[PDB]
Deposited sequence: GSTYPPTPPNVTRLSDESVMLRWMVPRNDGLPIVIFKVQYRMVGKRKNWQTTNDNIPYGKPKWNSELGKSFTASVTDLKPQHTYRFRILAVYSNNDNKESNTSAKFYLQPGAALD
């Protein structure tokens, strides 16, 4: 089955807020998302397993999701990406986010 990738997350200050979207598509449904990050310059996965849940879409464009990441070391720049896990157990990563400096 086809695996439509989520968009990269837009990163804003909070801790870090990540907002991404799963565009409307007819591919396989998503079960959960995982959040990955790395310092600018190896990818690590946080412990959060974000459910796709309901509803299916929350706008004409698709479904937007907003979550947060905690306990990251400030005074460093990071990149983030969203891993989508599909109902057939395949998975696919979003493109990487823009760089984000975490202010102390």
Legend entry - Deposited positions lacking CA coordinates: 15 to 17, 45 to 47, 111 to 115
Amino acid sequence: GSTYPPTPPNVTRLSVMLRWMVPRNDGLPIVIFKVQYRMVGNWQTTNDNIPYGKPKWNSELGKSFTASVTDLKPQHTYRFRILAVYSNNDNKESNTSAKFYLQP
From here on, numbers count along this sequence of modelled residues.
Inset, instruction - Between 24 to 32 and 68 to 76, point out the one with the higher average CA B-factor as the PDB entry records it. - result: 68 to 76
Legend entry - CA B-factor placement of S97, once the chain's modelled residues are sorted into thirds: middle
Inset, instruction - Grab the CA temperature factor for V40 from the record and place it in the lowest, middle or highest third of its chain. - result: highest
Inset, instruction - Would you check the entry's CA temperature factor for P51 and let me know if it's in the chain's lowest, middle or highest third? - result: lowest
Legend entry - Third assignment of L83 from its chain's C-alpha B-factors: middle
